[PDB]
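Peer 1: Got a file for you: upload_39.pdb, PDB, C-alpha atoms and all ligand atoms.
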ATOM      1  CA  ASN A 106      87.158  79.508  83.873  1.00  0.00           C
ATOM      2  CA  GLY A 107      89.845  80.314  86.288  1.00  0.00           C
ATOM      3  CA  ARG A 108      88.718  83.735  87.296  1.00  0.00           C
ATOM      4  CA  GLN A 109      88.586  85.485  90.580  1.00  0.00           C
ATOM      5  CA  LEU A 110      86.201  88.237  89.885  1.00  0.00           C
ATOM      6  CA  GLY A 111      86.364  90.994  92.369  1.00  0.00           C
ATOM      7  CA  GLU A 112      90.156  90.562  92.931  1.00  0.00           C
ATOM      8  CA  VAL A 113      92.679  92.647  91.114  1.00  0.00           C
ATOM      9  CA  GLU A 114      93.147  90.582  87.990  1.00  0.00           C
ATOM     10  CA  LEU A 115      95.509  91.132  85.113  1.00  0.00           C
ATOM     11  CA  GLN A 116      95.501  89.543  81.699  1.00  0.00           C
ATOM     12  CA  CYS A 117      98.758  88.736  79.976  1.00  0.00           C
ATOM     13  CA  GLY A 118      99.078  90.395  76.555  1.00  0.00           C
ATOM     14  CA  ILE A 119     101.132  87.563  75.170  1.00  0.00           C
ATOM     15  CA  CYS A 120      99.501  84.303  76.290  1.00  0.00           C
ATOM     16  CA  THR A 121      96.089  86.028  76.857  1.00  0.00           C
ATOM     17  CA  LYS A 122      95.452  84.182  80.143  1.00  0.00           C
ATOM     18  CA  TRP A 123      94.265  85.704  83.425  1.00  0.00           C
ATOM     19  CA  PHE A 124      96.082  86.130  86.707  1.00  0.00           C
ATOM     20  CA  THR A 125      95.488  87.861  89.952  1.00  0.00           C
ATOM     21  CA  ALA A 126      98.216  90.397  90.697  1.00  0.00           C
ATOM     22  CA  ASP A 127      98.802  89.247  94.308  1.00  0.00           C
ATOM     23  CA  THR A 128     100.048  85.940  92.856  1.00  0.00           C
ATOM     24  CA  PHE A 129     103.176  87.856  92.028  1.00  0.00           C
ATOM     25  CA  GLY A 130     103.634  90.210  94.979  1.00  0.00           C
ATOM     26  CA  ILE A 131     102.616  93.146  92.764  1.00  0.00           C
ATOM     27  CA  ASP A 132     101.561  96.143  94.876  1.00  0.00           C
ATOM     28  CA  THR A 133      97.770  96.422  94.377  1.00  0.00           C
ATOM     29  CA  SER A 134      97.285  99.265  96.872  1.00  0.00           C
ATOM     30  CA  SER A 135      96.853 101.634  93.858  1.00  0.00           C
ATOM     31  CA  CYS A 136      95.031  99.005  91.762  1.00  0.00           C
ATOM     32  CA  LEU A 137      91.335  98.269  91.005  1.00  0.00           C
ATOM     33  CA  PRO A 138      89.445  95.204  89.762  1.00  0.00           C
ATOM     34  CA  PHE A 139      88.411  95.520  86.093  1.00  0.00           C
ATOM     35  CA  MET A 140      91.118  97.902  84.900  1.00  0.00           C
ATOM     36  CA  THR A 141      91.970  98.044  81.175  1.00  0.00           C
ATOM     37  CA  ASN A 142      94.627 100.795  81.265  1.00  0.00           C
ATOM     38  CA  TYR A 143      97.748  98.637  81.546  1.00  0.00           C
ATOM     39  CA  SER A 144      99.846  96.093  79.696  1.00  0.00           C
ATOM     40  CA  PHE A 145     101.006  93.002  81.504  1.00  0.00           C
ATOM     41  CA  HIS A 146     103.153  89.961  80.763  1.00  0.00           C
ATOM     42  CA  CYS A 147     103.223  86.969  83.159  1.00  0.00           C
ATOM     43  CA  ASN A 148     106.661  85.669  84.186  1.00  0.00           C
ATOM     44  CA  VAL A 149     106.364  82.650  81.963  1.00  0.00           C
ATOM     45  CA  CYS A 150     105.812  84.746  78.743  1.00  0.00           C
ATOM     46  CA  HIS A 151     108.125  87.763  79.368  1.00  0.00           C
ATOM     47  CA  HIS A 152     111.823  87.546  78.265  1.00  0.00           C
ATOM     48  CA  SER A 153     113.373  88.214  81.682  1.00  0.00           C
ATOM     49  CA  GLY A 154     111.407  85.607  83.657  1.00  0.00           C
ATOM     50  CA  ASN A 155     109.983  88.429  85.682  1.00  0.00           C
ATOM     51  CA  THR A 156     106.589  89.989  85.526  1.00  0.00           C
ATOM     52  CA  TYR A 157     106.029  93.175  83.396  1.00  0.00           C
ATOM     53  CA  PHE A 158     103.402  95.705  84.396  1.00  0.00           C
ATOM     54  CA  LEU A 159     103.017  99.030  82.546  1.00  0.00           C
ATOM     55  CA  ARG A 160     100.324 101.247  83.976  1.00  0.00           C
ATOM     56  CA  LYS A 161      98.774 103.795  81.651  1.00  0.00           C
ATOM     57  CA  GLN A 162      96.920 107.012  82.565  1.00  0.00           C
ATOM     58  CA  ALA A 163      93.163 106.156  82.266  1.00  0.00           C
ATOM     59  CA  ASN A 164      91.243 107.919  79.442  1.00  0.00           C
ATOM     60  CA  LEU A 165      87.572 108.938  79.972  1.00  0.00           C
ATOM     61  CA  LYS A 166      86.327 105.641  78.665  1.00  0.00           C
ATOM     62  CA  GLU A 167      88.529 103.467  80.924  1.00  0.00           C
ATOM     63  CA  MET A 168      87.404 105.570  83.898  1.00  0.00           C
ATOM     64  CA  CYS A 169      83.726 104.960  83.118  1.00  0.00           C
ATOM     65  CA  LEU A 170      84.258 101.277  82.310  1.00  0.00           C
ATOM     66  CA  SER A 171      86.028 100.695  85.636  1.00  0.00           C
ATOM     67  CA  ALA A 172      83.554 102.636  87.646  1.00  0.00           C
ATOM     68  CA  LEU A 173      80.658 100.806  86.043  1.00  0.00           C
ATOM     69  CA  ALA A 174      82.286  97.369  86.316  1.00  0.00           C
ATOM     70  CA  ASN A 175      83.035  97.967  89.985  1.00  0.00           C
ATOM     71  CA  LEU A 176      79.707  99.469  90.947  1.00  0.00           C
ATOM     72  CA  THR A 177      77.977  96.614  89.215  1.00  0.00           C
ATOM     73  CA  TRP A 178      80.106  93.890  90.771  1.00  0.00           C
ATOM     74  CA  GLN A 179      79.664  95.369  94.291  1.00  0.00           C
ATOM     75  CA  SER A 180      75.921  95.691  93.799  1.00  0.00           C
ATOM     76  CA  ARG A 181      75.669  92.137  92.493  1.00  0.00           C
ATOM     77  CA  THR A 182      77.548  90.691  95.487  1.00  0.00           C
ATOM     78  CA  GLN A 183      76.413  92.980  98.370  1.00  0.00           C
ATOM     79  CA  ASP A 184      72.856  94.367  97.838  1.00  0.00           C
ATOM     80  CA  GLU A 185      69.651  92.497  98.541  1.00  0.00           C
ATOM     81  CA  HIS A 186      68.432  93.940  95.192  1.00  0.00           C
ATOM     82  CA  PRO A 187      71.165  94.294  92.501  1.00  0.00           C
ATOM     83  CA  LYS A 188      71.243  97.452  90.325  1.00  0.00           C
ATOM     84  CA  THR A 189      72.732  97.367  86.820  1.00  0.00           C
ATOM     85  CA  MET A 190      72.137 101.076  86.088  1.00  0.00           C
ATOM     86  CA  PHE A 191      73.922 103.715  87.995  1.00  0.00           C
ATOM     87  CA  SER A 192      73.417 107.463  88.383  1.00  0.00           C
ATOM     88  CA  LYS A 193      75.966 109.712  86.718  1.00  0.00           C
ATOM     89  CA  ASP A 194      75.883 112.237  89.588  1.00  0.00           C
ATOM     90  CA  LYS A 195      75.262 110.019  92.582  1.00  0.00           C
ATOM     91  CA  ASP A 196      77.297 106.964  91.648  1.00  0.00           C
ATOM     92  CA  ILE A 197      79.652 107.257  88.688  1.00  0.00           C
ATOM     93  CA  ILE A 198      81.243 110.577  89.464  1.00  0.00           C
ATOM     94  CA  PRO A 199      81.815 109.913  93.206  1.00  0.00           C
ATOM     95  CA  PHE A 200      83.484 106.632  92.219  1.00  0.00           C
ATOM     96  CA  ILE A 201      85.843 108.204  89.737  1.00  0.00           C
ATOM     97  CA  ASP A 202      86.493 110.927  92.303  1.00  0.00           C
ATOM     98  CA  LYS A 203      87.156 108.507  95.128  1.00  0.00           C
ATOM     99  CA  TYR A 204      89.398 106.054  93.280  1.00  0.00           C
ATOM    100  CA  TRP A 205      91.045 108.676  91.025  1.00  0.00           C
ATOM    101  CA  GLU A 206      94.534 107.692  92.216  1.00  0.00           C
ATOM    102  CA  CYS A 207      93.859 104.065  91.263  1.00  0.00           C
ATOM    103  CA  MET A 208      93.387 105.085  87.609  1.00  0.00           C
ATOM    104  CA  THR A 209      95.734 107.960  87.061  1.00  0.00           C
ATOM    105  CA  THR A 210      98.600 109.922  88.639  1.00  0.00           C
ATOM    106  CA  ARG A 211      97.232 113.180  87.161  1.00  0.00           C
ATOM    107  CA  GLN A 212      97.063 115.989  89.788  1.00  0.00           C
ATOM    108  CA  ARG A 213      93.623 117.333  90.748  1.00  0.00           C
ATOM    109  CA  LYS A 216      87.803 122.818  88.434  1.00  0.00           C
ATOM    110  CA  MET A 217      88.198 119.423  86.845  1.00  0.00           C
ATOM    111  CA  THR A 218      86.633 119.310  83.416  1.00  0.00           C
ATOM    112  CA  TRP A 219      86.177 115.512  83.122  1.00  0.00           C
ATOM    113  CA  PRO A 220      82.729 115.490  84.881  1.00  0.00           C
ATOM    114  CA  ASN A 221      81.304 117.529  81.953  1.00  0.00           C
ATOM    115  CA  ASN A 222      82.591 115.001  79.429  1.00  0.00           C
ATOM    116  CA  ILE A 223      81.802 111.555  80.778  1.00  0.00           C
ATOM    117  CA  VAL A 224      78.257 111.594  79.321  1.00  0.00           C
ATOM    118  CA  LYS A 225      79.427 112.277  75.728  1.00  0.00           C
ATOM    119  CA  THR A 226      82.002 109.549  76.258  1.00  0.00           C
ATOM    120  CA  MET A 227      79.488 106.864  77.205  1.00  0.00           C
ATOM    121  CA  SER A 228      76.864 108.114  74.757  1.00  0.00           C
ATOM    122  CA  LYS A 229      79.058 107.503  71.785  1.00  0.00           C
ATOM    123  CA  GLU A 230      80.169 104.016  72.812  1.00  0.00           C
ATOM    124  CA  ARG A 231      76.760 102.362  72.545  1.00  0.00           C
ATOM    125  CA  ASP A 232      78.172  98.930  72.002  1.00  0.00           C
ATOM    126  CA  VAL A 233      79.789  99.272  75.376  1.00  0.00           C
ATOM    127  CA  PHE A 234      77.503 101.430  77.438  1.00  0.00           C
ATOM    128  CA  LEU A 235      73.748 101.388  78.156  1.00  0.00           C
ATOM    129  CA  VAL A 236      72.189 104.826  78.445  1.00  0.00           C
ATOM    130  CA  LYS A 237      68.915 106.015  79.921  1.00  0.00           C
ATOM    131  CA  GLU A 238      68.383 109.737  79.782  1.00  0.00           C
ATOM    132  CA  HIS A 239      65.042 109.464  81.656  1.00  0.00           C
ATOM    133  CA  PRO A 240      63.067 107.012  83.880  1.00  0.00           C
ATOM    134  CA  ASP A 241      60.974 104.368  81.975  1.00  0.00           C
ATOM    135  CA  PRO A 242      57.220 105.300  81.473  1.00  0.00           C
ATOM    136  CA  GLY A 243      55.344 103.924  84.492  1.00  0.00           C
ATOM    137  CA  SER A 244      58.505 103.855  86.674  1.00  0.00           C
ATOM    138  CA  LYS A 245      58.527 105.182  90.302  1.00  0.00           C
ATOM    139  CA  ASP A 246      62.357 106.114  89.801  1.00  0.00           C
ATOM    140  CA  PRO A 247      62.947 109.818  90.674  1.00  0.00           C
ATOM    141  CA  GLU A 248      64.162 112.240  87.970  1.00  0.00           C
ATOM    142  CA  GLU A 249      67.002 113.588  90.184  1.00  0.00           C
ATOM    143  CA  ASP A 250      68.844 110.234  89.828  1.00  0.00           C
ATOM    144  CA  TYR A 251      69.062 110.536  86.026  1.00  0.00           C
ATOM    145  CA  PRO A 252      70.682 110.252  83.727  1.00  0.00           C
ATOM    146  CA  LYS A 253      71.863 106.653  84.194  1.00  0.00           C
ATOM    147  CA  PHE A 254      74.418 104.320  82.699  1.00  0.00           C
ATOM    148  CA  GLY A 255      75.279 100.619  82.672  1.00  0.00           C
ATOM    149  CA  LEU A 256      77.401  98.115  80.728  1.00  0.00           C
ATOM    150  CA  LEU A 257      75.948  96.466  77.682  1.00  0.00           C
ATOM    151  CA  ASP A 258      77.914  93.314  78.484  1.00  0.00           C
ATOM    152  CA  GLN A 259      77.117  92.040  81.964  1.00  0.00           C
ATOM    153  CA  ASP A 260      79.861  89.396  81.577  1.00  0.00           C
ATOM    154  CA  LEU A 261      82.484  91.170  83.686  1.00  0.00           C
ATOM    155  CA  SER A 262      85.080  88.547  82.749  1.00  0.00           C
ATOM    156  CA  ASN A 263      85.115  90.007  79.187  1.00  0.00           C
ATOM    157  CA  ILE A 264      86.530  93.275  80.404  1.00  0.00           C
ATOM    158  CA  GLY A 265      90.228  93.601  79.612  1.00  0.00           C
ATOM    159  CA  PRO A 266      93.018  95.550  77.896  1.00  0.00           C
ATOM    160  CA  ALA A 267      92.755  96.225  74.136  1.00  0.00           C
ATOM    161  CA  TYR A 268      95.416  93.832  72.836  1.00  0.00           C
TER
HETATM  162 ZN    ZN A 301     101.564  85.140  79.642  1.00  0.00          ZN
END
Is it possible to express this structure as structure tokens?
Ligand SMILES: [Zn+2]

Peer 2:
Amino acid sequence: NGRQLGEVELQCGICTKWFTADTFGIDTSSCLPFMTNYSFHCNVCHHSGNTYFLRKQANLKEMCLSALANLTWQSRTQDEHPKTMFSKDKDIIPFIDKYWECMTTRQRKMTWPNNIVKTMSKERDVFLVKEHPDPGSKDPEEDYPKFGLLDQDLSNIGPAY
């Protein structure tokens, strides 16, 4: 499966295959791995024989999905001990904050930090939710709540064609 997880990859909405954006000289400086807020056609499938790339403003869900996918990929490849569950306050929100411009051109009291929990809590087939540490855990309360992706197969993440 010809994937390059961790690169900025883009799936073509017509042929449904995967590509890394670099392959085309697309500017990735404002891009992120594991985005879903775009529509892409490869140059084989698109009418003009050029690439098509339509970036959409990320909704709450896309922001969470991309933060979680990225935090989880980085933890899986860099940490001695991989985490799959990330803190809303210490991890998710600083991510969204930091890479804001990679997900939206909206200008920046932002109200989105209040709403990300509702967002993930209602998409239970996408997100894993722990309001509190497991009984018998040494995990400190301050770090909670915590969120993670139901589907740990990061290749499955893509636009909603
Ligand atoms: Zn294609």

Peer 1: I'd like to see the residues matched by the PyMOL selection byres (((chain A and resi 197) around 12) and not hetatm) on this file, and ideally I'd get them as a JSON list (two decimals) with C-alpha atoms, in the frame of the given file.

Peer 2:
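Saved result, expr14.json, follows:
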[["chain", "number", "residue", "atom", "x", "y", "z"],
["A", 165, "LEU", "CA", 87.57, 108.94, 79.97],
["A", 168, "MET", "CA", 87.40, 105.57, 83.90],
["A", 169, "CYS", "CA", 83.73, 104.96, 83.12],
["A", 170, "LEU", "CA", 84.26, 101.28, 82.31],
["A", 171, "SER", "CA", 86.03, 100.70, 85.64],
["A", 172, "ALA", "CA", 83.55, 102.64, 87.65],
["A", 173, "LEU", "CA", 80.66, 100.81, 86.04],
["A", 174, "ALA", "CA", 82.29, 97.37, 86.32],
["A", 175, "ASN", "CA", 83.04, 97.97, 89.98],
["A", 176, "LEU", "CA", 79.71, 99.47, 90.95],
["A", 177, "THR", "CA", 77.98, 96.61, 89.22],
["A", 190, "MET", "CA", 72.14, 101.08, 86.09],
["A", 191, "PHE", "CA", 73.92, 103.72, 88.00],
["A", 192, "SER", "CA", 73.42, 107.46, 88.38],
["A", 193, "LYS", "CA", 75.97, 109.71, 86.72],
["A", 194, "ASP", "CA", 75.88, 112.24, 89.59],
["A", 195, "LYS", "CA", 75.26, 110.02, 92.58],
["A", 196, "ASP", "CA", 77.30, 106.96, 91.65],
["A", 198, "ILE", "CA", 81.24, 110.58, 89.46],
["A", 199, "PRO", "CA", 81.82, 109.91, 93.21],
["A", 200, "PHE", "CA", 83.48, 106.63, 92.22],
["A", 201, "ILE", "CA", 85.84, 108.20, 89.74],
["A", 202, "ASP", "CA", 86.49, 110.93, 92.30],
["A", 203, "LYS", "CA", 87.16, 108.51, 95.13],
["A", 204, "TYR", "CA", 89.40, 106.05, 93.28],
["A", 205, "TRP", "CA", 91.04, 108.68, 91.02],
["A", 219, "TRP", "CA", 86.18, 115.51, 83.12],
["A", 220, "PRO", "CA", 82.73, 115.49, 84.88],
["A", 223, "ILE", "CA", 81.80, 111.56, 80.78],
["A", 224, "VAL", "CA", 78.26, 111.59, 79.32],
["A", 227, "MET", "CA", 79.49, 106.86, 77.20],
["A", 250, "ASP", "CA", 68.84, 110.23, 89.83],
["A", 251, "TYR", "CA", 69.06, 110.54, 86.03],
["A", 252, "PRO", "CA", 70.68, 110.25, 83.73],
["A", 253, "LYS", "CA", 71.86, 106.65, 84.19],
["A", 254, "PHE", "CA", 74.42, 104.32, 82.70],
["A", 255, "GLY", "CA", 75.28, 100.62, 82.67]]

Peer 1: So that I can see what lies close to segment 145-148 of chain A, please list as a ChimeraX atom specification the residues with an atom at most 6 Å from it, counting all atoms listed in the file and leaving out residues fewer than 3 positions away in the same chain.

Peer 2: /A:117-118,151,154-158

Peer 1: Let me have the centre and edge lengths of the axis-aligned box enclosing all listed atoms of segment 169-180 of chain A with 3 Å padding on every side, in Å to one decimal, as lines of an AutoDock Vina configuration file.

Peer 2:
center_x = 81.0
center_y = 99.4
center_z = 88.3
size_x = 16.1
size_y = 17.1
size_z = 18.0

Peer 1: Rank A:110, A:257, A:235, A:159 by their smallest atom-to-atom distance to residue 179 of chain A, using all atoms listed in the file, and report the top residue only.

Peer 2: A:110

Peer 1: What does the structure give for the distance between atom CA of residue 141 of chain A and atom CA of residue 265 of chain A, in Å to one decimal?

Peer 2: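 That distance, rounded to one decimal, is 5.0 Å.
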
Peer 1: Kindly indicate which residue among A:122, A:225, A:186, A:216 lies nearest to ligand ZN 301 (chain A), using only C-alpha atoms and all ligand atoms for the distances.

Peer 2: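 Nearest to ligand ZN 301 (chain A): A:122.
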
Peer 1: Name the residues that the PyMOL selection byres (((chain A and resi 113) around 9) and not hetatm) pulls out of this structure, and write them as a list in words.

Peer 2: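 So the PyMOL selection byres (((chain A and resi 113) around 9) and not hetatm), applied here, picks out residues 109, 110, 111, 112, 114, 115, 124, 125, 126, 127, 133, 136, 137, 138, 139 and 140 of chain A.
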
Peer 1: Keeping C-alpha atoms, export the residues of the selection given above as a PDB file, in the coordinates of the input.

Peer 2:
ATOM      1  CA  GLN A 109      88.586  85.485  90.580  1.00  0.00           C
ATOM      2  CA  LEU A 110      86.201  88.237  89.885  1.00  0.00           C
ATOM      3  CA  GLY A 111      86.364  90.994  92.369  1.00  0.00           C
ATOM      4  CA  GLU A 112      90.156  90.562  92.931  1.00  0.00           C
ATOM      5  CA  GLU A 114      93.147  90.582  87.990  1.00  0.00           C
ATOM      6  CA  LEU A 115      95.509  91.132  85.113  1.00  0.00           C
ATOM      7  CA  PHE A 124      96.082  86.130  86.707  1.00  0.00           C
ATOM      8  CA  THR A 125      95.488  87.861  89.952  1.00  0.00           C
ATOM      9  CA  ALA A 126      98.216  90.397  90.697  1.00  0.00           C
ATOM     10  CA  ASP A 127      98.802  89.247  94.308  1.00  0.00           C
ATOM     11  CA  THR A 133      97.770  96.422  94.377  1.00  0.00           C
ATOM     12  CA  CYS A 136      95.031  99.005  91.762  1.00  0.00           C
ATOM     13  CA  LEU A 137      91.335  98.269  91.005  1.00  0.00           C
ATOM     14  CA  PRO A 138      89.445  95.204  89.762  1.00  0.00           C
ATOM     15  CA  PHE A 139      88.411  95.520  86.093  1.00  0.00           C
ATOM     16  CA  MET A 140      91.118  97.902  84.900  1.00  0.00           C
TER      17      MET A 140
END

Peer 1: Enumerate, as a compact mmCIF listing (two decimals) with C-alpha atoms, in the coordinates of the input, the protein, DNA and RNA residues whose atoms approach (97.7, 96.2, 78.7) to within 6 Å, taking into account all atoms listed in the file and the coordinate frame of the file.

Peer 2:
# COMPACT_ATOMS: atom_id res chain seq x y z
CA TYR A 143 97.75 98.64 81.55
CA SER A 144 99.85 96.09 79.70
CA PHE A 145 101.01 93.00 81.50
CA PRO A 266 93.02 95.55 77.90

Peer 1: Looking at all atoms listed in the file, which of A:248, A:259, A:106, A:268 is the one that sits closest to residue 181 of chain A?

Peer 2: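 Of A:248, A:259, A:106, A:268, the one nearest residue 181 of chain A is A:259, counting all atoms listed in the file.
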
Peer 1: Using only C-alpha atoms and all ligand atoms for the distances, tell me which of A:152, A:239, A:108, A:188 is nearest to ligand ZN 301 (chain A).

Peer 2: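 Closest to ligand ZN 301 (chain A) of all the choices is A:152.
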
Peer 1: Give me, as an MDAnalysis selection string, all polymer residues having an atom no more than 9 Å from residue 135 of chain A, counting all atoms listed in the file and skipping those fewer than 3 positions away in the same chain.

Peer 2: chainID A and resid 132 204 206:208

Peer 1: Just give me the gap between atom CA of residue 209 of chain A and atom CA of residue 163 of chain A in Å, one decimal is fine.

Peer 2: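 Between atom CA of residue 209 of chain A and atom CA of residue 163 of chain A the gap works out to 5.7 Å.
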
Peer 1: When distances are computed from all atoms listed in the file, which of A:150, A:245, A:116, A:123 shows the smallest separation from ligand ZN 301 (chain A)?

Peer 2: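 Closest to ligand ZN 301 (chain A), using all atoms listed in the file: A:150.
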
Peer 1: Which distance in Å separates atom CA of residue 107 of chain A and atom CA of residue 142 of chain A, to one decimal?

Peer 2: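 Rounded to one decimal, the two atoms are 21.6 Å apart.
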
Peer 1: Could you check the closest approach to ligand ZN 301 (chain A) for each of A:217, A:120, A:131, A:261 and tell me which residue wins, using all atoms listed in the file?

Peer 2: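 Of all the options, A:120 lies closest to ligand ZN 301 (chain A).
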